[PDB]
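Notes follow once the structure below has been shown.
Using ideal geometry, Cβ is built from the backbone for each residue, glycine included, and neighbour counts are taken over all protein chains shown. Please treat every number below as a calculation from the coordinates, not as lab data.
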Amino acid sequence: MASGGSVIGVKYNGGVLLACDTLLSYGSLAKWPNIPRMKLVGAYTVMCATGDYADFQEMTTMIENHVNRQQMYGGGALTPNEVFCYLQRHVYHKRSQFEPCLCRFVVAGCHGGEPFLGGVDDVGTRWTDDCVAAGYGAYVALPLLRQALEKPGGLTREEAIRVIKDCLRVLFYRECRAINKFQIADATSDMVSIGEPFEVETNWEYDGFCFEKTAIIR
Amino acid sequence: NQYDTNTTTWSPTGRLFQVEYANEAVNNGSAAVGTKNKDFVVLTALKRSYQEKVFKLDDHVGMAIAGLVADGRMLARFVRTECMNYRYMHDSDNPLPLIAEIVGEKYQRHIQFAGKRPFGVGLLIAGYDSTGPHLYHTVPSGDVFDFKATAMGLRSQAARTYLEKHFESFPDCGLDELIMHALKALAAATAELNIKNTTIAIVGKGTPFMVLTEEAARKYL
């Protein structure tokens, strides 16, 4: 029961970012710290999930084969909107046979100069928005990203990267099953690229964290 | 003739006779025409006591038939069902090249096995998708042709002769001249054309597949 933690995404003026960490856990044990959890689908789309890794692998292998074959056999390249619809009907069908896909997905892409971002949960609920998250990202990160999207005009790429890193910083401080090693995917100009892993800067040296002040008996 | 009774018997010269005879059902149906320009497809048909010859298959696609009507209806129900499933799963129009392939494949299963009969019907399928307008003709042997203009049914050689003179000018034509070329081709396979014996149907850019009413068809007849 290898499992992945949080995923977060946000739209900016010209594209969309998706981020998560490179870790799979088994219960509390941090078992594999060097796992690429984001998967490219066709020409325009990337996906990630929180929860059971085996179910993420089965579902994404199946969708990737359908997309490559439909193109090879003469039925065109599926868009992010169509891929998302297809994913959601598969998750709902499995829920309806009492054999659920125990993951929560985030999907991002770019097609037609128009960015896409959406989530699907394990009973088949679906939504699209300017920011989306799964796992603890839904409690920790959405509040920060929703405040950054309040400014009128939208975010630049640089502002979007900066607020994404503040979110990853808080997940590392406050989510138990996490490591400080993340990747960012960028969908813009009708393609997706995945960056190299990086780490964020953290603060541990406040006066209020010192040995004397935190002592229980004085 | 010892080789003309079943679909599963090759003749000594490499022919399949039952499939040639099903193809005569089509050639004795009433005539139908199709044409296309850069962004539209037009179908016209002789429907004379009204007999249904044109059918909508989804928002973006329809067809005309010639030959056995009950086989026509069985194919219409199959393609309808396929287009509904595609839209359920993808939220978009079923691509026209995939419709033409599954139809071809369904005809062929009925010419290779003794417990099935060939379909005795020809279709002109017209539609509009993300790669533009398309016009396909399908026949009982299972072949599928992709056309700029064609005609099927009784005396459809005259209609085809007329279209061979004008078709190279159709890409530049507008929707009104394209409809007129389609009626003058159907006229060559023929009493004259009124609003009570002729169907006109259209599909294209910003236009869902539709059949003109008698009001709208007055403008051209």
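General remarks:
- Some residue of the range A:37-56 being closer than 22 Å to A:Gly135 by Cα, more than 14 Å from chain B (Cβ to nearest Cβ) and part of a loop (DSSP other than H, G, I, E, B): yes
- Considering the range A:3-36, the residues that are closer than 20 Å to A:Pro100 by Cβ and within 12 Å of the chain's Cα centre (by Cα) include one that is surrounded by the fewest Cβ atoms within 10 Å (Cβ to Cβ), namely A:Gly5.
- Subset of the range B:82-107 [farther than 19 Å from A:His90 by Cα, facing chain A (nearest Cβ under 7 Å) and part of a helix (DSSP H, G or I)]: B:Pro97, B:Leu98
- Residue match in the range B:213-221 (condition: of a type outside the set (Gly, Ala, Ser) and either surrounded by 17 or more Cβ atoms within 10 Å (Cβ to Cβ) or within 14 Å of the chain's Cα centre (by Cα) (or both)): no
- A:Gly109 touching a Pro at 6+ places or on another chain (Cβ under 6 Å), away from chain B (no Cβ under 14 Å) and buried (at least 18 other Cβ atoms within 10 Å of the Cβ): yes
- Candidates A:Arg95, A:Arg89: the one that is basic (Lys, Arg), away from every other protein chain (no Cβ under 11 Å), surrounded by fewer than 20 Cβ atoms within 10 Å (Cβ to Cβ) and over 17 Å from B:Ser130 (Cβ atoms) is A:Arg95.
- Some residue of the range B:169-186 being among the aromatic types (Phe, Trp, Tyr), closer than 23 Å to B:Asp58 by Cα and away from chain A (no Cβ under 14 Å): no
- Residue match in the range A:162-180 (condition: farther than 30 Å from A:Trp32 by Cβ and polar (S, T, N, Q)): no
- Among the residues listed as A:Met72, A:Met62, the single one being loosely packed, with under 15 Cβ neighbours inside 10 Å, within 14 Å of chain B (Cβ to nearest Cβ) and in contact with a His (Cβ under 9 Å, 6 or more places away or on another chain): A:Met62
- Residues in the range A:195-218 that are farther than 22 Å from A:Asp166 by Cα and among the hydrophobic types (A, V, I, L, M, F, W, C): A:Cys210, A:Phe211, A:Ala215, A:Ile216, A:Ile217.
- The strands (runs of 3 or more DSSP E) falling completely within the range B:109-221 that include 3 or more residues that are within 29 Å of B:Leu16 (Cα to Cα) map to B:121-129, B:132-138, B:144-146, B:149-152.
- Test: residue in the range B:9-20 that is within 30 Å of A:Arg126 (Cβ to Cβ) and either buried (at least 20 other Cβ atoms within 10 Å of the Cβ) or in contact with a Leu (Cβ under 8 Å, 6 or more places away or on another chain) (or both): no
- Per-region count, the range A:101-141, residues among the β-branched types (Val, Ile, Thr) and under 14 Å from A:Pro80 (Cα atoms): 4
- Residues located in the range A:75-86, provided they are touching a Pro at 6+ places or on another chain (Cβ under 9 Å) and either buried (at least 18 other Cβ atoms within 10 Å of the Cβ) or not in a loop (DSSP other than H, G, I, E, B) (or both): A:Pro80
- Subset of the range B:108-143 [away from chain A (no Cβ under 14 Å), surrounded by fewer than 20 Cβ atoms within 10 Å (Cβ to Cβ) and of a type in the set (S, T, N, Q)]: B:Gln108, B:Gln112, B:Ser141
- Within the range A:73-107, no residue satisfies the criterion of being in contact with a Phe, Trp or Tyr (Cβ under 6 Å, 6 or more places away or on another chain), of a type in the set (A, V, I, L, M, F, W, C) and more than 21 Å from A:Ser3 (Cβ to Cβ).
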